[PDB]
Amino acid sequence: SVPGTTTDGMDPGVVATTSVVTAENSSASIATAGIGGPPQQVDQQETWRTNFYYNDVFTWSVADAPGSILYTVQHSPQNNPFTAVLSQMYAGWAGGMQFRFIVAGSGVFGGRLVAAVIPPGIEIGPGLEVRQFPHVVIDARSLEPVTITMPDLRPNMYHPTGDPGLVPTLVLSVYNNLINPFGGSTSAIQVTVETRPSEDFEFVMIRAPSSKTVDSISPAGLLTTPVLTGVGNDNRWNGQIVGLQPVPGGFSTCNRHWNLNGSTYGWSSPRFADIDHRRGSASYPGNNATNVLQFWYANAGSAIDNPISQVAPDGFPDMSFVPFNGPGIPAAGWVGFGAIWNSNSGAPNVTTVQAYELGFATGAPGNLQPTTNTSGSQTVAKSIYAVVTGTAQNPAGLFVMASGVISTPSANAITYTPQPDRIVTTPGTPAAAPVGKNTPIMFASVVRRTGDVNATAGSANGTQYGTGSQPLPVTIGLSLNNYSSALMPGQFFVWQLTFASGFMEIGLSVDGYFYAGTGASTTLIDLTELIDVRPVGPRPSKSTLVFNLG
Amino acid sequence: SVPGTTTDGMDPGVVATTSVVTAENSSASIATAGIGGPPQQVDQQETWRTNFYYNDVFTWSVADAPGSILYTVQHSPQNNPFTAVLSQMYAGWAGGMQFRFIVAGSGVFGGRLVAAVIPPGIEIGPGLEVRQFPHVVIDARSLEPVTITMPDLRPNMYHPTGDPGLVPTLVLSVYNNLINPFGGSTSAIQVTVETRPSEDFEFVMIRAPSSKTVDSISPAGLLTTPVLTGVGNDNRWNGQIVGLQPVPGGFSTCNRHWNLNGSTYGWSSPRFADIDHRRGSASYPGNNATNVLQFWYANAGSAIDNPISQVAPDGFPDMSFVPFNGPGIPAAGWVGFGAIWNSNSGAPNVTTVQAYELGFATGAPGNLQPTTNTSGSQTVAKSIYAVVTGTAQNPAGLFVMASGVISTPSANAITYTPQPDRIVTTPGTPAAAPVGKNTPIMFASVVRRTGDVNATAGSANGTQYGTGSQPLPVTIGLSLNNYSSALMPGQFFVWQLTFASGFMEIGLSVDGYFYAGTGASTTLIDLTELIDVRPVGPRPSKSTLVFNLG
Amino acid sequence: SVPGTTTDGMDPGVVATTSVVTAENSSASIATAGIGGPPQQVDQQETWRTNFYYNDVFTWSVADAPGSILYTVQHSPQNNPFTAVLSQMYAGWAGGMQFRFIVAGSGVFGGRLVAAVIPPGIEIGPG
C-alpha cells in the first residue's frame, strides 16, 4: 500500500486525458516521423525517459480572476533538461511530452485550475478563453498529482532543431477563484510543473555536434550565472553589472544594441575600442591661447571608419551634450581622456590632452544644444578642463579612449547618467515600451566620476551608477548568431534569477531589450546575492513576470 | 560482393586483437560497473553507437625513425563527438572504445606502424618502447581498415565524469621506417583515426545538466572558434587577437595569468579596469613648475586595493620602466592616460593629466632603472609629455585608465613591446620553457601607438603588435573553474586550428601557457584565415605539435 | 562475367548506404507524397530513370588537405539532366537520388574520399 501523500518520480499520478490526445494522432505522428529514419533515443527503460524532472513553479493567489493565465509553456525539447541536451546531437525531433502538476494546497482551500492544449497558430495572452477549449479541471484540494500529455499537433513532418515551426502551447489558467475561507495574509498556493517525454517522443536523424551549436538554436546560453554576478560588463560603460535599474517610462537604445535578428542600428562593434576619426574640424574660442577650452566637431554621416554605419565612429557614446562654458564642470555626461592628432602625420600633439566630454549636438559655431536624433546633428567633443594652447586645424583628428567616467560638478553622486531623455538614437530603432506590468530595465554598473576617483560601491560619498541596455556577453553573442526562428514577435525569452531570499524573472524581447515585471517600481535591484541563472524558454509578452525579493 | 576499396561507416574492417582485450576484463568491467545502477545508453542499434566518427588525422613521413610516436590518445569519452555530449547528463562512464585506422598508402609504399594499449600509470613520451608491449603491426600497404579495441583497464569501479582517474593510453608509433622506393618530395602518407564506443561502453548514473557543466570538467570550451578570430582579446592590451607570436627563447608572465589550478600569481582581476592607488608619493624635479614632468611612485607590497595580491593595484601593467628624461619620447612602454587626485577629497586635479607611462623601477629619488623582480621594487609612473605645474603631495593618489598605447619615439613601428627581458614577475611563477620542438607563444594584437594614432593592421607606416600570454576569455574561464583533474603535469590540452590553406596545433600547459610547435621559428602567424577551432584532448608535452600553413 | 573495367549505364557498381537509406524512410516518403495527387513519371522501365547520366566532373589535387569540400550538391531535380528537363515540366518533386562516383586513378595512387549525407537543417560552411 502506497499512500497518496508520497509520490514516486516515475509515478504519473492520475492520467487526465484531453480530446486532442487521440490514437489517430499518435499513429499518424510515428507513421510520418518515419521519414527521419528509425526513431532514436527510444529505449523505454532509460532514466531520463521514465522520471519527471523539474520544469517550473508558479504562484496561484486569491487575487487572480477566472480566465487569468498563470502558466504557459511552449512545446519544445527545451522543456526537459535531458531532451535539451540530446537535441545537441540530433537534427530533428517529433512526438509528445507529458506534464505533471503537483498542487500544494490543503483540504481547507477551494477553487480550481484548468488545463487546455491550445493548437498552434492561436495567439496566447489575455483574452484567451482557456475554459472554452477541450480542457481538464483540477481542484486545489488535489493530493495525487495530475498529468496531461501534450500531443504533437504539427503541420510539419518533424520539427527541425534550429527552426521547429508551429508547436502547441499549454496553459494553466484559473477556472475558479482560489478561496481561503479564513481571510488573511496567507492567500497564495503553489503549483509545480515537471516534465517527461511521452512514449511517442523521438529524435529522427543524427548530426555532428560541431554543427550549429547551442549558441545558435536558442538564446539560452547568452545569460549564464557568472555573467550576471561578477564577470559580464555592460554595453555602455565597461563596468561590472551590479544591478537592474527599472525604467517605468521606457527608453530606447541605438548604439551597441543588437536584436535577435543579429543586426544593430548603432555605430559600434560589440567591444570597447577607441574612438578615432579623421578630418573633423577643431577650433578654440577667442584669440588668446591660455587656459583655453578645446572644441572639436564633425558632421554625422561622414565618418568613414566603420564597416557597419557611419553616423559616428566606433565606440562613440550615445549621450547628448550638456553644454558648459568657462570653469564649470558639466553634469551627467560621458567624459573620456582624449587628444587631437594632425591628419597629415598621425602624430598626436603634445599638450592638448584632457578629459573630453564626448557627445552629440546640433549647432556647433553658435549656441550649443543637446540633441537626440542623428540626422542633421553632428558628433561634437569638448574638453572639460583647461588646456594650454590648442589646434585649430580643419582636417584634424580626434582620439579618445574606450571607457569613460562621469562628469560631476561636485563630489556628491547623482542618479544614473544615461537617462532616456538624453540618449542619441538613429531614426528607425524600436522603442522599449512597457507591456502590461512588465517594464524595460537597464543593467546598472558602478562607474566612477571626476568628482571622486575613489568612489566605489558602498562608498560614504554615494555610489554612481551607469546603465546600459544589454550585457556585453549578450550583445557579443547576439552579433554572431541568428535567433529569428527562436522567438516570434509578441514574446520574451525568460530567465529565472534566484537570490538568497527570493526570486525574479527577466525576459528578452525580439528587439533586444530586457524586461522585468515590477510595475511602476523604480528601485534598483541589488544583484549581489544572485546565485542561480537558468532559462525557462519562450513566454508571452503580455504576462507579468514573477518578482518577489523575499 | 563489396570491394575493399570502399568502406561502410559501420564496418569495423579487420578486428585486430591484443592480449589486453580479454573476456575476463569485459566480464569484470560489467560486473563491477553495475554499482552505478543499470547501464545507460546501451541500445545497440543507435546511430552514435554503430558508426565510426572522426577523431584525428596525422602524418607519417619517411623521416620518422622506428620507435617515434606519431599518435597518442587518452581513454576518455571526449574522443567520440557523441559520448562527449552524452557525458553532460551522466555522472560516470565505464567501458571500452574501438579505434579504426585507415592508412592511405598505395601498394608501392613500404614500412609499418605498431599499435599497443599502454596500461595506466606508465609515462608516455620519447623513450617509450611501443614494440615491446603486446602490439599489432599494420602495413602501410593495407587497404581494408584495421580496428583495435581499447579495454577499460581501470583501478576504479567507474570513471567519474569530472575526475576520471587513471586511464589507458593508445599509441601509434613507427614499427618500420616508411620507404618510398622512388625518392623525392612525395615522402609522407596519412593515417586517419575514427572512434566508436565498444559493446561494453556505458554511462552509469544520471545527473542534472545544471550541475558541474562543460566548462568545469574539461577546458575544451575555453578556446572556441569566434574567440580566436574576431571577438576575444588578450590579457595585456584589450585588442583583437590577430596573430600568434612564437617566443623561441621562452618567457614568463605573472600578471593576469591563471593556471589550470584556478589561481593567479599576479595582481589583476580577469578584466580591464582602472588602476587606482591611494597614498603613493608624488613629486616634480627642480623648482620651476613650467613644462615639468610629473613623477609618481609607491613601494610594492603596500597597495591595499585588491582581494588577491598587493604588489601592485588592479590593472597595473607588468612592464619594466624604460627611463627617459626631458623632451624625449620613451620606446616600447605601456603608456596610458592618467591623472593625480588628492587623498583627502578624492577630487582629481585640473591640469595634471597626460599620457603617463606606467611601470616598475628600483630606485625612485636618484637614477631610474628597469626591474623585473617585484620584491624590493616599486610601482612607478611618470608622464611622457609636459604638464604645467604638478602635485608634490606625499599621500597623493594615481588614477590611470584601463587600456594602453605604445610609446614610440617616431611614427615608425617597432617589434612587439612585451619582450621577455622586460616583463615584471613575482618570485614563484613558473617559466614557459620550450619542450622539444614546441615553443611558447603569445597572442599578438594590433595596438596603436603615440607615434601614429591611425596605425591599424596593414597600415603603410607599419603595424604595431602587443602580445599577451593568454586570451581574455581563456583566463576568464580559468579563474572560475578548476581543471586539476583534467591534465596531469607533463601534458598539453591541444586544439586544432585549421586555416584556409593548412592547419596547426596549439596546446595549453598546466601552468597556463600556450605552445605551438614551430621550433626556432619566430615568424608571426597570420590568424586571419582561421575558420575552425576544435579540441582534440590531452596529449603528451614532449610531442611535436603538427604545424604546416600550406 | 564483366571484369570491372567496363561499367554499364544501368550498373550501380557497389552500393554504399551510410545510415540514412532506410526502408521505412522510403515508405514514409512514398505515402506522404500523394498530397500532390497521383505520382507522375513513375515507371521503372523508362530509360531516363534506369540509366546513370553525367552531372558534373571535378578534380582532386594533391594540394587538397583533409576536410576540403570537393563536390557539394543540395537535393534538387537539377542534379540529373533529364530530371532537370522534367523539372520545368512539373511543379514539385519528392524522392531520393542515387549518385554514382567513378574515380579515374591507377593502382599507384593513394588517398581517400569521404562522402556524407547532411541533414536538411544543418548550415553548411566553414565550421
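Structure shown above.
Residues numbered from 1 in each chain as written, not as in the entry; some residues may be left out. Chains lettered and ligands numbered in written order. Part of a larger assembly, values for the part shown. Heavy atoms only, no water. Residues with missing side-chain atoms left out of burial classes, pairs and counts.

Student: Is there a simple way to explain the overall build of chain A in this structure?
Tutor: The helix and strand tally for chain A stands at five helices and 27 strands. Its C-alpha atoms give chain A principal-axis dimensions of about 95 × 60 × 35 Å. By the burial criterion, 58% of the 550 residues in chain A qualify as buried. Considering only contacts in chain A between residues 6 or more positions apart, those separated by 24 or more positions represent 79%. For chain A, the exposed area adds up to about 19,800 Å²; of that, 54% sits on carbon and sulfur atoms. Here chain A carries 22 positive and 32 negative side-chain charges, and the mean point of each set is 7 Å from the other. (Helix = DSSP H or I, 4+ residues; strand = E, 2+ residues; numbered from the N terminus. Buried < 20%, exposed > 50% of the residue type's maximum accessible area, 1.4 Å probe, protein only. Contact = heavy atoms within 4.5 Å. Areas by Shrake-Rupley, 256 points an atom, 1.4 Å probe, with all protein chains shown as cover. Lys, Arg positive; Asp, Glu negative; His and termini not counted. Charge placed at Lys NZ, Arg CZ, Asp CG, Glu CD.)

Student: I keep staring at helix α1 (residues 23–33) of chain B and nothing clicks. Help me out?
Tutor: Working note: α-helix, 3.6 residues per turn, so residues spaced by three or four point in the same direction. Residue and element names in this part refer to chain B. Taken residue by residue, α1 has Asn25, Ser29 and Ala33 as its buried positions. End-on view of α1: buried residues confined to an arc of 45°, all on one side of the axis. Those residues of α1 that are exposed and aimed more than 90 degrees away from the buried face are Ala23, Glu24 and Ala31. Between the side-chain oxygen of the N-cap and the backbone nitrogen of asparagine 25 there are 3.5 Å, and the N-cap of α1 in question is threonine 22. (Arc of directions from axis to C-beta. Polar contact = N/O pair within 3.5 Å; in protein donor to acceptor, adjacent residues only side chain to side chain.)

Student: I tried to follow unusual backbone geometry on my own but got confused; where do I start?
Tutor: A negative phi angle is the norm for most residues apart from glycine, just as the trans form is the norm for most peptide bonds. At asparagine 291 of chain B, a position not held by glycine, the phi torsion is positive, near 55°. Topologically, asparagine 291 of chain B is positioned in the loop between β15 (281–283) and β16 (295–299). Since its relative accessible area comes to 59%, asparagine 291 of chain B is described here as exposed. Even without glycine at this site, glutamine 41 of chain C takes up a positive phi of about 55°.

Student: When you look at the sheet that holds strand β11 (residues 188–197) of chain B in this model, what are you seeing that I'm missing?
Tutor: Strand pairing in a sheet relies on backbone hydrogen bonds. The paired strands run either parallel or antiparallel. All names here are of chain B. Strand order in the open sheet formed by five strands is β1-β8-β5-β11-β2, with mixed pairing between adjacent strands. On the outer flanks of this sheet lie β1 (14–15) and β2 (53–61), each paired with one strand and no other. Judged from the eight bridges that link them, β2 and β11 form a sheet pairing that is antiparallel. Along β11, the bridge assignment pairs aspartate 56 with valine 193. (Pairing = 2+ DSSP bridges.)

Student: What should I look at first to understand the interface of chain B and chain A in this one?
Tutor: Accessible area lost when the parts come together is the quantity often used to give the size of an interface. Taken together, the contacts link 54 residues of chain B with 54 residues of chain A. Summing both partners gives a buried area of about 4,800 Å² for chain B against chain A, and 62% of it is carried by carbon and sulfur. In this structure, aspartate 274 of chain B and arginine 448 of chain A form a salt bridge, with 2.8 Å as the shortest nitrogen-oxygen distance. Along the contact surface separating chain B from chain A lie 11 residue pairs in polar contact. Listed by contribution, the elements that provide at least two residues to the side of chain B that touches chain A are α2 (47–50), α4 (225–231), β17 (334–341), β18 (348–361) and α5 (472–480) of chain B. For the side of chain B that touches chain A, the leading source of residues is β18 of chain B, giving four residues. For the side of chain B that touches chain A, the class distribution of residues is 29 nonpolar, 16 polar and nine charged. (Buried area = accessible area lost by both parts, 1.4 Å probe. Salt bridge = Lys/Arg side-chain N within 4 Å of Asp/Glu carboxyl O. Nonpolar A, V, L, I, M, F, W, Y, C, P; charged D, E, K, R; others polar.)

Student: How should I be thinking about the relation of the copies chain B and chain A in this particular structure?
Tutor: Mapping between the two copies of the chain is achieved by a rotation about an axis and a shift along the axis. Between chain B and chain A, the superposition needs a rotation of 180° and an axial shift of 0.0 Å, giving an RMSD of 0.0 Å. Read as a symmetry element, the transformation amounts to a two-fold axis. Comparing interface residues between copies, 100% of those in chain B also lie at the interface in chain A; the contact surface is shared. (Least-squares fit on C-alpha atoms.)

Student: Could you clarify how one ought to interpret the pairing of strand β3 (residues 69–74) of chain B in this entry?
Tutor: Each regular strand displays side chains that alternate between the two surfaces of the sheet. Residues and elements named next belong to chain B. Of all six residues making up β3, five are buried, and the element is well covered by its neighbours. Of the strand pairs in this sheet, β3 and strand β10 (residues 169–179) are connected by five bridges, and their pairing is antiparallel. Paired with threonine 72 across the two strands is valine 171, which belongs to β10.

Student: Just checking my understanding: could you explain the side chain of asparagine 25 of chain B for this structure?
Tutor: Following the sequence through the fold, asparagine 25 of chain B ends up in helix α1. Not counting residues within four places of it along the chain, the set of residues in contact with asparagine 25 of chain B comprises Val20, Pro151, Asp152 and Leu153 of chain B.

Student: Sorry if this is basic, but what is going on with the nonpolar core here?
Tutor: Counting 81 residues, the largest nonpolar core has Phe101 of chain A together with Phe101 of chain B as its most contacted members. Residues within four places of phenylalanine 101 of chain A in sequence aside, it is in contact with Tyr71, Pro145, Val146, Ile148, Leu170, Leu172, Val191, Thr192 and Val193 of chain A. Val353 and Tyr385 of chain A together with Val335 and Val353 of chain B belong to the second largest nonpolar core, which has 40 residues in total. (Core = buried A, V, L, I, M, F, W, Y, C linked by side-chain atoms within 4.5 Å.)

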